[PDB]
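S.K.: My questions will all concern the structure given below.
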Amino acid sequence: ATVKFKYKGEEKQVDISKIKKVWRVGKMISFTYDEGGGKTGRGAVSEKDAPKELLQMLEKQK
């Protein structure tokens with residue numbers, strides 16, 4: 001599965017494996033995906049824009 005964001009009509013895309021951490025703050029949702037250079041590319045996607053299999057990691061306990 002993959003998650004897509006939405007910044008000013010700019011639907012972004014990042015593989016779930018490319019992502020690193022994910023934590024929903026208040027109502028929106030944020031995370032840290034590795035762009036591919038050296039600086040972590042943080043991102044703030046919305047709750048409706050996030051798929052349904054994304055909160056899974058937030059409630060994934062081993």
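Ligands are numbered from 1 in the order shown, residues from 1 within each chain, and chains are lettered A, B, ... in the order they appear in the structure tokens.
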DSSP on the backbone: what in chain A comes out helix (DSSP H, G or I), as number ranges by chain?
M.R.: A: 55-58
S.K.: I'd like the contact shell of residue A:59 - 12 Å cut-off, only C-alpha atoms, skipping same-chain residues fewer than 5 positions apart - returned as a ChimeraX atom specification.
M.R.: /A:22-24,53-54
S.K.: Please produce a file of those selected residues containing N, CA, C and O atoms, as a PDB file, in the first residue's frame.
M.R.:
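Everything below was put into result-v8.pdb:
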ATOM      1  N   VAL A  22       5.585   7.573  12.168  1.00  0.00           N
ATOM      2  CA  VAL A  22       4.257   8.186  11.866  1.00  0.00           C
ATOM      3  C   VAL A  22       3.502   8.437  13.172  1.00  0.00           C
ATOM      4  O   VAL A  22       3.293   7.532  13.959  1.00  0.00           O
ATOM      5  N   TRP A  23       3.086   9.656  13.405  1.00  0.00           N
ATOM      6  CA  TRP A  23       2.337   9.969  14.656  1.00  0.00           C
ATOM      7  C   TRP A  23       1.268  11.029  14.361  1.00  0.00           C
ATOM      8  O   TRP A  23       1.567  12.101  13.864  1.00  0.00           O
ATOM      9  N   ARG A  24       0.028  10.734  14.659  1.00  0.00           N
ATOM     10  CA  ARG A  24      -1.057  11.713  14.396  1.00  0.00           C
ATOM     11  C   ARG A  24      -1.086  12.761  15.515  1.00  0.00           C
ATOM     12  O   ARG A  24      -1.185  12.433  16.682  1.00  0.00           O
ATOM     13  N   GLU A  53      -5.192   2.015   5.784  1.00  0.00           N
ATOM     14  CA  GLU A  53      -4.159   1.129   6.395  1.00  0.00           C
ATOM     15  C   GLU A  53      -2.944   1.959   6.822  1.00  0.00           C
ATOM     16  O   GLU A  53      -1.816   1.506   6.734  1.00  0.00           O
ATOM     17  N   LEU A  54      -3.160   3.164   7.289  1.00  0.00           N
ATOM     18  CA  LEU A  54      -2.012   4.014   7.725  1.00  0.00           C
ATOM     19  C   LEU A  54      -2.010   4.115   9.249  1.00  0.00           C
ATOM     20  O   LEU A  54      -0.981   3.972   9.882  1.00  0.00           O
TER      21      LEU A  54
END
S.K.: For residue A:46, work out the shell of residues within 12 Å, counting only C-alpha atoms and skipping chain neighbours fewer than 4 positions away, then give it as a CSV table (one decimal) with N, CA and C atoms, in the first residue's frame.
M.R.:
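around_26.csv written:
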chain,number,residue,atom,x,y,z
A,3,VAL,N,0.9,5.8,0.7
A,3,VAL,CA,0.1,7.0,1.2
A,3,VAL,C,0.3,8.2,0.3
A,4,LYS,N,-0.7,9.0,0.0
A,4,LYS,CA,-0.5,10.2,-0.9
A,4,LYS,C,-0.9,11.4,-0.1
A,5,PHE,N,-0.2,12.5,-0.2
A,5,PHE,CA,-0.5,13.7,0.6
A,5,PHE,C,-1.3,14.7,-0.4
A,6,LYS,N,-1.4,15.9,0.1
A,6,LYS,CA,-2.1,16.9,-0.8
A,6,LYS,C,-1.7,18.3,-0.4
A,7,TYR,N,-0.8,18.9,-1.1
A,7,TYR,CA,-0.3,20.3,-0.7
A,7,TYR,C,-0.6,21.3,-1.8
A,11,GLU,N,-0.9,16.4,-5.1
A,11,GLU,CA,-1.0,15.1,-4.5
A,11,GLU,C,0.4,14.5,-4.5
A,12,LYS,N,1.0,14.3,-3.3
A,12,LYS,CA,2.3,13.7,-3.2
A,12,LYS,C,2.2,12.2,-3.1
A,23,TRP,N,3.1,9.7,13.4
A,23,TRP,CA,2.3,10.0,14.7
A,23,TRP,C,1.3,11.0,14.4
A,24,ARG,N,0.0,10.7,14.7
A,24,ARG,CA,-1.1,11.7,14.4
A,24,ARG,C,-1.1,12.8,15.5
A,25,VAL,N,-1.0,14.0,15.2
A,25,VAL,CA,-1.0,15.1,16.2
A,25,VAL,C,-2.4,15.8,16.2
A,26,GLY,N,-3.1,15.7,17.3
A,26,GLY,CA,-4.4,16.4,17.3
A,26,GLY,C,-5.4,15.7,16.3
A,27,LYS,N,-5.6,16.3,15.2
A,27,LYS,CA,-6.5,15.7,14.2
A,27,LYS,C,-5.8,15.3,12.9
A,28,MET,N,-4.8,16.2,12.5
A,28,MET,CA,-4.0,15.9,11.3
A,28,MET,C,-3.1,14.8,11.5
A,29,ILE,N,-2.3,14.5,10.6
A,29,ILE,CA,-1.3,13.3,10.7
A,29,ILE,C,0.1,13.8,10.1
A,30,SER,N,1.2,13.4,10.8
A,30,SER,CA,2.5,13.8,10.3
A,30,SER,C,3.4,12.6,10.2
A,31,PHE,N,4.6,12.7,9.6
A,31,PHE,CA,5.5,11.5,9.6
A,31,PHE,C,6.9,12.0,9.0
A,50,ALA,N,-5.1,10.6,4.2
A,50,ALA,CA,-4.4,9.3,4.5
A,50,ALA,C,-5.3,8.1,4.2
A,51,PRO,N,-4.7,7.0,3.7
A,51,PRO,CA,-5.5,5.8,3.4
A,51,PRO,C,-6.1,5.2,4.7
A,54,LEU,N,-3.2,3.2,7.3
A,54,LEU,CA,-2.0,4.0,7.7
A,54,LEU,C,-2.0,4.1,9.2
A,55,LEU,N,-3.2,4.3,9.8
A,55,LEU,CA,-3.2,4.4,11.3
A,55,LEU,C,-2.7,3.1,11.9
S.K.: DSSP says strand (DSSP E or B) for which residues of stretch 7-40 of chain A? Put them as number ranges by chain?
M.R.: A: 14-15, 19-23, 29-34, 40
S.K.: Mind writing the picked residues with N, CA, C and O atoms as a PDB file, in the first residue's frame?
M.R.:
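Final output, again-v1.pdb:
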ATOM      1  N   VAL A  14       4.337   8.545  -1.347  1.00  0.00           N
ATOM      2  CA  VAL A  14       5.511   7.950  -0.642  1.00  0.00           C
ATOM      3  C   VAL A  14       5.179   6.504  -0.264  1.00  0.00           C
ATOM      4  O   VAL A  14       4.172   6.236   0.366  1.00  0.00           O
ATOM      5  N   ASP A  15       6.017   5.571  -0.642  1.00  0.00           N
ATOM      6  CA  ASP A  15       5.754   4.140  -0.307  1.00  0.00           C
ATOM      7  C   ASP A  15       5.741   3.967   1.214  1.00  0.00           C
ATOM      8  O   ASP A  15       6.440   4.660   1.929  1.00  0.00           O
ATOM      9  N   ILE A  19       8.625   5.409   4.174  1.00  0.00           N
ATOM     10  CA  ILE A  19       8.336   6.191   5.411  1.00  0.00           C
ATOM     11  C   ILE A  19       9.157   5.628   6.573  1.00  0.00           C
ATOM     12  O   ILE A  19       9.672   4.528   6.509  1.00  0.00           O
ATOM     13  N   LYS A  20       9.275   6.382   7.634  1.00  0.00           N
ATOM     14  CA  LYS A  20      10.060   5.910   8.813  1.00  0.00           C
ATOM     15  C   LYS A  20       9.164   5.903  10.053  1.00  0.00           C
ATOM     16  O   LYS A  20       8.800   4.859  10.561  1.00  0.00           O
ATOM     17  N   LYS A  21       8.810   7.064  10.544  1.00  0.00           N
ATOM     18  CA  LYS A  21       7.939   7.137  11.754  1.00  0.00           C
ATOM     19  C   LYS A  21       6.611   7.801  11.386  1.00  0.00           C
ATOM     20  O   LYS A  21       6.515   8.510  10.401  1.00  0.00           O
ATOM     21  N   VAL A  22       5.585   7.573  12.168  1.00  0.00           N
ATOM     22  CA  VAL A  22       4.257   8.186  11.866  1.00  0.00           C
ATOM     23  C   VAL A  22       3.502   8.437  13.172  1.00  0.00           C
ATOM     24  O   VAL A  22       3.293   7.532  13.959  1.00  0.00           O
ATOM     25  N   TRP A  23       3.086   9.656  13.405  1.00  0.00           N
ATOM     26  CA  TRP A  23       2.337   9.969  14.656  1.00  0.00           C
ATOM     27  C   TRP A  23       1.268  11.029  14.361  1.00  0.00           C
ATOM     28  O   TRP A  23       1.567  12.101  13.864  1.00  0.00           O
ATOM     29  N   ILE A  29      -2.254  14.458  10.563  1.00  0.00           N
ATOM     30  CA  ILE A  29      -1.280  13.337  10.713  1.00  0.00           C
ATOM     31  C   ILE A  29       0.070  13.759  10.114  1.00  0.00           C
ATOM     32  O   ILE A  29       0.127  14.375   9.067  1.00  0.00           O
ATOM     33  N   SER A  30       1.152  13.424  10.775  1.00  0.00           N
ATOM     34  CA  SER A  30       2.500  13.798  10.252  1.00  0.00           C
ATOM     35  C   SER A  30       3.407  12.566  10.243  1.00  0.00           C
ATOM     36  O   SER A  30       3.079  11.537  10.802  1.00  0.00           O
ATOM     37  N   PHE A  31       4.551  12.670   9.615  1.00  0.00           N
ATOM     38  CA  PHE A  31       5.498  11.513   9.564  1.00  0.00           C
ATOM     39  C   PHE A  31       6.851  11.983   9.028  1.00  0.00           C
ATOM     40  O   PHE A  31       7.054  13.157   8.777  1.00  0.00           O
ATOM     41  N   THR A  32       7.772  11.073   8.849  1.00  0.00           N
ATOM     42  CA  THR A  32       9.109  11.443   8.327  1.00  0.00           C
ATOM     43  C   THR A  32       9.513  10.449   7.238  1.00  0.00           C
ATOM     44  O   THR A  32       9.790   9.298   7.515  1.00  0.00           O
ATOM     45  N   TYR A  33       9.544  10.880   6.003  1.00  0.00           N
ATOM     46  CA  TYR A  33       9.927   9.956   4.896  1.00  0.00           C
ATOM     47  C   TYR A  33      11.303  10.350   4.355  1.00  0.00           C
ATOM     48  O   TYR A  33      11.632  11.517   4.269  1.00  0.00           O
ATOM     49  N   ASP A  34      12.107   9.381   3.996  1.00  0.00           N
ATOM     50  CA  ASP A  34      13.467   9.689   3.464  1.00  0.00           C
ATOM     51  C   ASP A  34      13.361  10.112   1.996  1.00  0.00           C
ATOM     52  O   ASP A  34      13.040   9.316   1.133  1.00  0.00           O
ATOM     53  N   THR A  40      16.116  14.408   6.405  1.00  0.00           N
ATOM     54  CA  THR A  40      14.791  13.732   6.485  1.00  0.00           C
ATOM     55  C   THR A  40      13.709  14.649   5.906  1.00  0.00           C
ATOM     56  O   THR A  40      13.605  15.805   6.269  1.00  0.00           O
TER      57      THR A  40
END
S.K.: Using only C-alpha atoms, pick whichever of A:18, A:44, A:1, A:37 has the shortest atom-to-atom distance to residue A:56.
M.R.: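 With only C-alpha atoms as the atom set, the closest residue is A:1.
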S.K.: What does the structure give for the distance between atom CA of residue A:38 and atom CA of residue A:10, in Å to one decimal?
M.R.: 23.2 Å
S.K.: One decimal, in Å: what's the spacing between atom CA of residue A:35 and atom CA of residue A:47?
M.R.: 21.6 Å
